[PDB]
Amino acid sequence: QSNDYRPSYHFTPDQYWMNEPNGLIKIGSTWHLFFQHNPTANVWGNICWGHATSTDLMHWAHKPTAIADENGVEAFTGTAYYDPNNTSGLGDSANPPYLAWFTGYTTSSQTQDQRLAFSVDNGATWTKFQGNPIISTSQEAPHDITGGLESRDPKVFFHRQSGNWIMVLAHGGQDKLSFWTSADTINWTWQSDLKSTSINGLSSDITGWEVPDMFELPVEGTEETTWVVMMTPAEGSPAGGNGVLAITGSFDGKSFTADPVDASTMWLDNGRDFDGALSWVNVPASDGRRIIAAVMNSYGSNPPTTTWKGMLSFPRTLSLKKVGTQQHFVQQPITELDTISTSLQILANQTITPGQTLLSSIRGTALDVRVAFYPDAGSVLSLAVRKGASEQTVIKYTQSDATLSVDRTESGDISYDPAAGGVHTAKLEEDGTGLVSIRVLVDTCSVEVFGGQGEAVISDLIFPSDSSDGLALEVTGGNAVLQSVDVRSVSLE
């Protein structure tokens, strides 16, 4: 599109197609990104783990395939962890291994088994464990009614409280996760299932459980920590189809006991294009952040991009905090972004009235725009991004129903998939000072919209013309006082 819609500051594969991220781990000063990669660049292509690294979660260096499809077992999704005590025996005392657990998908038979890979050069190169699979279809069969066709996406971590490795495995349409323990990362023992039917407040509509992650999260603040299970069900999300949710609960080394969920707070995205989220493990406590990323492409082969498909969301923190009085999962872009952004326009304490159009001089396809404002009762504030003569993507705040919306009806090319347009919505309230806050990351083919403290998030692909590079800020049905507007251009170095 002149440039094949390449994002300028989000990760995309150097070539070809990406699905969800895999094996997210920090190793020394290096953030490692792996992902489901399809170098054949058609729907029948074999999957392998692709690989990129960065020191700042933004400037990614492309690396060779980390874990190859071979013999023909494809390298499906999984996770990574450090084995400092060499419990696997795959490294040594001077050189403990980093480990990755992944589903082996045997193309011809469709079996799904669990496999191990290890690195003794701090993540640069990975070797598949000779004894793969580490969990066979036969070992899965008592727990997977398909006999080993529906057991996948292993999340593995070391559980200090019990001294065991834990594996959380997803079972798709069986609508459960299974929990397994190991002393050595290789020999596993099933302990429990987390169903579906055990989670109070979880709709029966939420089916096809995939891509688990699990970690302890501070609950604030209040010195309390909780266990969190994050996953990507295939159905039930606010925008329809796959989406990402998070559940809090307790964990004893053997079973996760879910707290009740509330549907109005459990989903981590209200847009179409945020699926298969994982978090970075091994982050030093001095940093202490829980940082997540997902793939943005809910449309399979349909996006109008030729030399690549699939992009990573911009990394964002996941936290639990009160927003006023209610506990929410809140998400915000990582602060590293502020180092590659520069203000093109700032407003402070500016009144906007119907008929006025602000931000009219801005031109940019890569923007980070913040708007914080006090709306009149019954007003609607509209921020049009990627605006041209006949195109725009409109972010609206409707005061009367406390709703943040992202409208792609006129975004540009919405012909490529039936779900490419329409309007997505999230609940967003004024805070206790009357302030409404909205932030939008704009890139060549995406918007990521964060409401409030990040309790509302809508992430979506858009395909505007390159010339649709304007902004328009307008209000109807009343006035608003814009406490602050900051339009920043974003550029990698």
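Numbering starts at 1 and follows the sequence shown.
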* Higher mean Cα B-factor in the deposited model: 159-167 or 235-243? -> 159-167
* Stretch with the greater mean C-alpha B-factor as recorded in the entry, comparing 67-75 against 299-307 -> 67-75
* **Which of 256, 102, 105, 373 ranks first by CA B-factor in the deposited coordinates** => 256
* Criterion, highest CA B-factor; candidates, 154, 364, 284, 208 -> 284
* Structure fact -> By the entry's values, the third containing the CA B factor of residue 441 is the lowest
* Name the third of the chain's ranked CA B-factors that contains residue 148, choosing lowest, middle or highest. => lowest
* Compared with the other modelled residues in the chain, in which third is the CA B-factor of residue 491? -> middle
* Name the third of the chain's ranked CA B-factors that contains residue 352, choosing lowest, middle or highest. => highest
* Against its chain's modelled residues, does residue 50's Cα B factor rank lowest, middle or highest third? -> lowest
